[PDB]
Each structure stands twice: as structure tokens, then as C-alpha cells.
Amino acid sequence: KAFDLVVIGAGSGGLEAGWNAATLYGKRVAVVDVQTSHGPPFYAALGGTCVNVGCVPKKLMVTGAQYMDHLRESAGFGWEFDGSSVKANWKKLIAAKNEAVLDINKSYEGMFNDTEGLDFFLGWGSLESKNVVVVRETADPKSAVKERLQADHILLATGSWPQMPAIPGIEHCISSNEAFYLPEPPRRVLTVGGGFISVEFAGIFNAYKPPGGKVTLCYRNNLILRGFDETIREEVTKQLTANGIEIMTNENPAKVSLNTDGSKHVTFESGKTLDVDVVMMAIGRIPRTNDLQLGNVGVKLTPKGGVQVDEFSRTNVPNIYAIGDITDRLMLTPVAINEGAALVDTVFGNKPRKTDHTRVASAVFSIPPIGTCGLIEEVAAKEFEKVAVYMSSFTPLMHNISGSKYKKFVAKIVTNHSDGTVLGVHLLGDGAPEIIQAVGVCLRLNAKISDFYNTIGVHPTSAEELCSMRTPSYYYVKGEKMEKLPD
């Protein structure tokens, strides 16, 4: 049939837009995805990347990995139990995660089936013409058409996909996709990449690895988590090392060979070599545009392969929109959901709305985790004459007792020292992702450092640290780091 809206990708942005157009605006909506539930072959499915092979299962898996620390840290508080009897049962973790995600998948299929004007189609969506979306049996554009759907408006929301550098032996590497489904936890694992997916998985593998296992994270440059606070980048490196992960910086895989026993022989540019059981590539994610046959309608793509869009998510083709990771901007679920919601409000509501991509709070579920919102100081120092940095870094007391003395909580506030405006807030330590959330609200309210400092703390918490800092630890004046102001 014909629809007010055809959504290609039943994911975070897609389902927001679909649901809202159907239920808030009474529109006739079609949503297409390649799989109704999670896992191989296509990994992402109804619900999106986040639901199936993204935020949801990884958070459960990190939650899982945290018990490594919990069991050990209990002793400090008088918990006694046979430490030798402890086993991290990965099969059980994945089965529980699988079931949890399947319930979300099922619960998305229910909502299609219960909601009028919102119909879901199985298969591969592509652009046949301006107002025509074809549904094929496979990603092969030569595969059998299942449906041809006329659409007043077409939304592209196909997310992203692991980027696999074209080094020899790349086919012996897995991405995050396959990591969610490993039948056994790897004894030795290389995670390639210094970004959050590699860091998060290195923490998960570290907790579930068999006896004598080793997790190694490698990263091509000097310091992992580029784009994050630098004190936090250094400190999380120390804390991952402290919990037995090897971080190989300035290293990059040049070749992966398959050993006959199924293990991988990794050769680095340096000529260094490492043998692991699993090489997980987590060096980036790229917009998922190949399969859309955008050539058919001339929808422009940026150098990076992302669908170009303006602030209202319009592509160059009128009635054709793109939101979410396909647009290659901020790759976060709540950003994609917001874009989706705003798009529907502009196309079917009376008031345009554009997503604000600044001051977005985000988290790394590393162990220990990171919460951050707004500018890191080096970016701050480039756009503001006077930047002040308030920093606190204390091993919390519970951790002196737990035995995890390396677990410093880091709290940094970055300000425009000229007016006191908070430019960004950066945290490392348990609760960092929870803490940062309302920080994000504060920045929308042009919070100044005196607003944080004059708020009464909640005690005892790590969070109160943010309401306890009134003197900068150091400044940037004209891009220049210095402990004191000049004059």
C-alpha cells in the first residue's frame, strides 16, 4: 500500500518517528527492518542496534562484569566465602541477555500488532524512486521484491555498522556484533580500538575470562578514549591496567593470520606479534548506506559515507529524511530518538524543531565508568580566552576498605572563567553515568560554577564533589595551561 511515512530501519530513531507519526498524528506508517529478533545473521533487528547489539545488552554484560569487582570487594566488608569456588559463567550471561533482548523484540512486535497505522515489514528496504521504497528479500538489490510501498515521506534510519579496516586477515576478526554471541568467553582477547566499545568490551571480557586469561586492548595512538577528558583518559587506563587489562597504545594490527587451532596470530605495524583467541575490531562505526540504493534518487552522502542532512534532517531529496547514526554525527540512541521525534514534529506537527547536538550527556560503561557532558578543556581553551578547570580526584573511602585502592573518583568541571559558565563536566567512578544526567539539564540552564558550588551537597556521595569545588585547580589562558592566572 501507500503510507504517510515509510521508515527504513526499525531502530532507535525509526521507531520513535514511526510510533509518533502513527499515535500522535494519526498517520499511516510503514517501518521496515531486516529481522524481527536479535542475533545472527543480521544482528540488529526490530528495536535497533541499541536494543539488540548495543546499549541494552552491553549494559547487562557490564553489569555482569561488575560482579568480578563486587565479589572481590565484599571481603573488605566482612563477606566470607569460598573464593576458590567462584566461576564466571559466560554461557549463562549470554543466555540471560538473549532472553531479556528477545522479550524486548517480542514486545516490539506486539506494539506493531496492537497499534493501527503502524505496520512493520520484514526485509531489506531501498529507494526505488522519490516516493517508492522497495522491500527485497535480501540486501542484494537483485533479490525478489516483497513489497513496494508508496510513501509521501521516506525516513532513512538504518543506523551504522562496525568498521573493519581492510588489513589482510580481517575476516578472522569479529566486531561487537559477534562478541554478543561468542559461545565461550575468550581466554585471550585483543580488542582493537581506543573508543568506548573496545573499552567496554575489554572490561566485559576481563571479568568473564577463563583461568590464565588475558585481555589486551590496543590503540593506534598514545592514549585511549580520544575526545574524552584527558585526566580521565589517563586514569581509566590506569584503572583498567589495575584490573589486569593490558593496554597497548601506539600499536596497530597490520595482519591477522588464522592458526590451525582457531586462534589468531596478530602482527602489528611495529612488527610486534600477539596470539589471542579472539580479535575484536572496534575502531569505528560507519553509516549504513550501501544497501539503500541511494543512487536511484541521488541522495547525497558526505566524505565519511553519512547521509547529508540539514539541521532538520532533510536530505537533498524532498520528502526524504535521515536521522541517527546514518547521519554520522552523534552516535547515541537518545540523540537518534530526539532527531526522530523532532522530524515527525516538523513534518506532521505545526512547529519545526531541531535536535541540539551540543551539551549532550553520554557515558562509557567501562569499569570504572565515565559520565560526561559538554566541552573538554582543550576544546574549551581553543574557543575561550580564559578557561578554568576544577578537578577533584580522591580514592573514595569504601574503596580503601574494599581493597580497590586504584579506584579514584575523578570529578572535573570546565568553565569559561570570564563569566563562570560551566562548559563541560567530566567524571570517572561508580555512578558517573547516573550523576552526569542532571548535569546535562544544568548546562541547558546556563549553570555557572557558583551554581554548582552554592548547591548543598548530598552526603556521603561521590556526586557532592561537584558541589564542593570553588577554586580552579588550573587554567588555560589564550590556549595556555597554567596553574595560576597571570594578573
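Numbering starts at 1 and follows the sequence shown.
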Using the B-factors recorded in the PDB entry, average over the C-alpha atoms of 22-30 and of 425-433, then report which stretch comes out higher. 22-30
Quick check on the record: does 152-160 or 192-200 carry the larger mean Cα temperature factor? 152-160
Out of 296, 206, 415, 358, whose C-alpha atom has the biggest B factor in the entry? 296
Highest Cα B-factor in the deposition, which of 95, 245, 135, 410? 135
Within this chain's modelled residues, let me know which third the CA B factor of residue 325 belongs to: lowest, middle or highest. middle
Within-chain third of residue 262 by Cα B-factor, per the entry: lowest
Per the entry's values, where does residue 178 land by CA temperature factor relative to the rest of its chain, in the lowest, middle or highest third? lowest
Comparing residue 332 with the other modelled residues of its chain, is its CA B-factor in the lowest, middle or highest third? middle
Within this chain's modelled residues, let me know which third the CA B factor of residue 79 belongs to: lowest, middle or highest. lowest
